[PDB]
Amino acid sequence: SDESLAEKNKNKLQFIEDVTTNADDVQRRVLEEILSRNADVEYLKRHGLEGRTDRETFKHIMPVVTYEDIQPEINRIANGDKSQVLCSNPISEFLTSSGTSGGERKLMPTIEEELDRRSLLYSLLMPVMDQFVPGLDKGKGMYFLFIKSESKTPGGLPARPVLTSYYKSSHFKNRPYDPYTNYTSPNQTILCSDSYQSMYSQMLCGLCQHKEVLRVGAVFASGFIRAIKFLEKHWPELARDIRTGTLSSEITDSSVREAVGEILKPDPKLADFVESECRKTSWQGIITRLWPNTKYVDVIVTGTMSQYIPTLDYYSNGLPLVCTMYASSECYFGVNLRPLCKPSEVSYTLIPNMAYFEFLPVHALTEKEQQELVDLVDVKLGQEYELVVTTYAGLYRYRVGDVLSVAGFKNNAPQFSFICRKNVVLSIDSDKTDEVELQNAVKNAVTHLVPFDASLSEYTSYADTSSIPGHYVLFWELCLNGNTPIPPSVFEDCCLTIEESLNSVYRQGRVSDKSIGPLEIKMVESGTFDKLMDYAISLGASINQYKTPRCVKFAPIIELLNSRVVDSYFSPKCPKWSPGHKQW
């Protein structure tokens, strides 16, 4: 009912007013519920909390921790320990973060109840959007949503990404009819494990229902960009399927054929229209030509995903880019209460019911620093902080690694601009390669130069999004001391050795999802890195302190390096990758 839908949106917005006005009390309540329910868990008992639930004692007694500090407990649960180690409720599965430890996905513990809080945060998005963009219940959203590979821990618990867990749960698969969660993609196309068949069937269904589409997107800008490239490579086949009403024989999955069969019908006029738009040389504005009622593009373009804004604006002819929420494997965090703001102005209001949030000011932690972490309501405007979380699933004062800046307040709840996940230097899609992983990968690769009496004088890197999929680029300046020229096969083996030493999310991107392309090494002229040092010296840097940065994001410096390239080489094949931790 239209009236019941209006009342539901009003009650969700009233909830936002209530919890942002009473933010500190909700924060205190959440911590009290976590600490009383888990009072008898081994982790709290061994730290001497003795069933105490007050914030003051919690901050004084409990250490602020990294993943590595609690990895013994996590691995014990992963290996079959069913006792109350971190949580009183049984750990239902591990949500495998894109963030890594030892080059492997971090295993974030979860409990079945956490799905309720993920659904609560999702339930706030459309009531917020509907204030600014009315009438979205009268059509469909064309979202490209994907499941990823799954594995089992040695103790039998599933280990899978948070979104794969969510789409496979009854909270999504058997969700009730909501005209605001009415998507062009049937559940069976999303839950298809074959990524090619999932993408093809979702793109075909999106085209079949094109006039009903009022918004388009994916969780990541990179994912949506990949869907547009898929249409670029497969539109003649997709239009043929529309014209004939027969689904491509390459879609062998029976659940996908059945779901597509309910949408796909012979439509030569639509096939003519799809072909006429896709055949055009320029794909500028192709989203608004095929999906003409699209109001906005809904994709995360904050953080590293901001690198995709020009590509998205090109395909959409400048439609609004909407960043709706901020979340992780360990905890769903907040919502953008200004979804029509510019990408550079996005701030996320953390919802105080999700977890107990603390903030480390940023300008090994001392006892004073740990005890004096700033509470959610006490953060200061314009100041930067590291996010620290205490969840219902066994994380106590866990450092997420995200650096946030206070942009403003919604009643007493702060609104944060996302700055960065600490130490991440390269990212194309969900891959988050840090400086240590890259350095060690380059160090493994340069061993191939040693038999040629050659060495790597200097290097840097950048995330190249000029191709789809995007790829990592390393700039190398070589020092040759021998008489045997280095052949291209050796540089190609350097490319592959780098890839083999990068983390499992990067290798998964190459092997499983095809979300990252082959890594490239670009050899630069001699004196190129000394020319970069001359820029730094002109801007105040000393010769005795300057270090060539491991990574560069600033376009004019990438252009400078790109102008000095002598030759380039690519990894000739994918690196190795298999689901789960190698240890298992």
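Heads up: residue numbers just count along the shown sequence, starting at 1.
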> How many missing residues of the deposited sequence lie between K368 and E369 in the entry, grouped as none, 1 to 3, 4 to 9, or 10 or more?
Replying inline: none
> So 478-486 or 300-308, which one's hotter by mean CA B-factor in the entry?
Replying inline: 478-486
> Which of the two stretches, 558-566 or 19-27, shows the higher mean Cα temperature factor in the record?
Replying inline: 558-566
> Quick one: which of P176, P414, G334, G102 has the biggest Cα B-factor according to the entry?
Replying inline: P176
> If you compare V65, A541, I34, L519, which has the highest Cα B-factor in the entry?
Replying inline: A541
> Once the chain's modelled residues are ordered by C-alpha B factor and cut into thirds, is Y200 in the lowest, middle or highest one?
Replying inline: middle
> Lowest, middle or highest third: where is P161 by C-alpha B factor in its chain?
Replying inline: lowest
> So where's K140 on the chain's Cα temperature factor ranking, which third?
Replying inline: middle
>> Going by the CA temperature factor in the PDB record, which third of the chain does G80 belong to: lowest, middle or highest?
In response: highest
> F220: which third of its chain by C-alpha temperature factor?
Replying inline: middle
